[PDB]
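The primary structure of each chain is shown beneath.
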Protein chains: 2
Amino acid sequence: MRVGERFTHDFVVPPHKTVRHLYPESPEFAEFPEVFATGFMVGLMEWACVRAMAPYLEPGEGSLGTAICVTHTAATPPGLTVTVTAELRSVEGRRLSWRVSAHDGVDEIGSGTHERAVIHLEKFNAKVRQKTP
Amino acid sequence: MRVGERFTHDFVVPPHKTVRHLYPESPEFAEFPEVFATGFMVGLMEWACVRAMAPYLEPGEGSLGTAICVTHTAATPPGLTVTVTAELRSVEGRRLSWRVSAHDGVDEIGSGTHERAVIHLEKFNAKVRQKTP
């Protein structure tokens with residue numbers, strides 16, 4: 001894993017990544033235009049960085065996204081390909097940072113940073129169990 | 001809209017808002033802990049601000065999220081209630097800027113900022129339809 005290294009991930013946007021599919025519970029989002037949701041764009045950016053860092057993980061480890069700081073600057077209807085480019089910015093022990101950017105073949109659609117934390121999967125799962133009703 | 005007014009939005013996390021459900025197509029996400037995905041928390045934050053804004057828009061207007069910049073510092077299993085607090089920072093023309101935070105009953109789970117832009121729904125939908133391949 002080298003700082004400055006770029007990793008790219010391509011995703012054809014299907015009809016079920018539009019706003020209304022993120023929260024079908026939301027009467028506000030029900031009649032929103034059929035565009036790729038910011039929260040799905042976030043999920044796609046984080047997926048790119050997960051794939052970029054898979055080699056860094058030891059047995060028993062996973063990762064969590066601990067911050068997302070991005071713009072979303074143009075809208076994308078289903079059928080276009082979103083390409084995320086993740087450039088590694090820092091790696092120190094458990095903490096990793098990237099600059100991410102996305103383009104849907106027509107426009108740059110957003111960019112910023114994402115941070116992740118390496119976790120011990122079983123210890124983490126025990127913590128989550130203890131706050132599960 | 002009044003600057004500095006705080007709006008809250010509560011949401012019981014169901015099983016279908018964990019990481020694996022954000023991208024069922026991602027084999028990487030399919031093995032994550034069953035915790036509320038950052039992309040879903042982002043959408044819940046947007047939803048709170050949409051609700052807050054609704055009485056102030058003219059008929060046929062909606063809005064887009066244009067930036068999100070938040071931490072995500074504690075994990076949330078299904079069954080907890082996530083409360084989002086949104087507070088208006090400024091309104092400049094079509095641009096609204098918010099401070100957002102969320103808490104799951106147990107921990108503060110994230111905070112930061114979010115910006116939105118007011119749109120004319122029909123006009124935006126027609127423009128989007130026109131970049132559809």
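Residues numbered from 1 in each chain as written, not as in the entry; some residues may be left out. Chains lettered and ligands numbered in written order. Heavy atoms only, no water. Residues with missing side-chain atoms left out of burial classes, pairs and counts.

In its metadata, the entry names X-ray crystallography as the structure determination method and reports 1.85 Å as the resolution.

Taking the PDB entry as the reference, chain A is identified by name as Fluoroacetyl-CoA thioesterase FlK belonging to Streptomyces Cattleya. In the PDB, the title recorded for this entry is "Structural basis of the activity and substrate specificity of the fluoroacetyl-CoA thioesterase FlK - Wild type FlK in complex with fluoro-acetate". The Function field of the UniProt record for chain A holds the comment "Hydrolyzes fluoroacetyl-CoA before it can react with citrate synthase, and thus confers fluoroacetate resistance. Cannot use acetyl-CoA as substrate." Recorded in UniProt under Catalytic activity, the annotation for chain A is "fluoroacetyl-CoA + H2O = fluoroacetate + CoA + H(+)". (UniProt positions renumbered as here; feature names shortened; annotations may be inferred.)

Chemist: What should I look at first to understand the pattern of salt bridges in this one?
Modeler: When charged atoms on two side chains of opposite charge get close, those side chains can pair. With the rule as written, the count across this model stands at 12 salt bridges over all chains. Among the salt bridges present, the one from A:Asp107 reaches B:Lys131, with a minimum N-O distance of 2.9 Å. Of the two residues, A:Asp107 is situated in the loop between β4 (95–103) and β5 (108–120) and B:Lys131 in helix α4 (residues 121–131); the pairing between them involves two chains. For A:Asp107, a relative accessible area of 31% gives the class partly exposed. (Salt bridge = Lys/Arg side-chain N within 4 Å of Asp/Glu carboxyl O. Helix = DSSP H or I, 4+ residues; strand = E, 2+ residues; numbered from the N terminus. Buried < 20%, exposed > 50% of the residue type's maximum accessible area, 1.4 Å probe, protein only.)

Chemist: I tried to follow the packing of aromatic side chains on my own but got confused; where do I start?
Modeler: As enumerated under the stated definition, the model contains 14 aromatic pairs over all chains in all. Between A:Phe40 and B:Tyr23 the ring centres are 6.0 Å apart and the planes differ by 80°, which places this aromatic pair in the edge-to-face class. Taken as a pair, A:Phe40 in helix α3 (residues 38–53) and B:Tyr23 in the loop between α1 (19–22) and α2 (27–30) lie in two separate chains rather than in one. Assessed through its relative accessible area of 2%, A:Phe40 is described here as buried. When the ring of B:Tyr23 is compared with that of B:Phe29, the centres are 6.1 Å apart and the planes differ by 80°; the resulting orientation is edge-to-face. Like B:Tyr23, the residue B:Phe29 is buried in the burial classification. Grouping aromatic residues by their ring pairs yields a cluster made of A:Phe11, A:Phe40, A:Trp47, B:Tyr23, B:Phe29 and B:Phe32. Above the face of the A:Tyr23 ring, B:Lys17 is positioned so that its terminal group lies 4.2 Å from the ring centre. (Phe/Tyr/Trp six-rings, centres within 6.5 Å; stacked < 30°, edge-to-face > 60°. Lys NZ or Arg CZ within 6 Å of the ring centre and 35° of its normal.)

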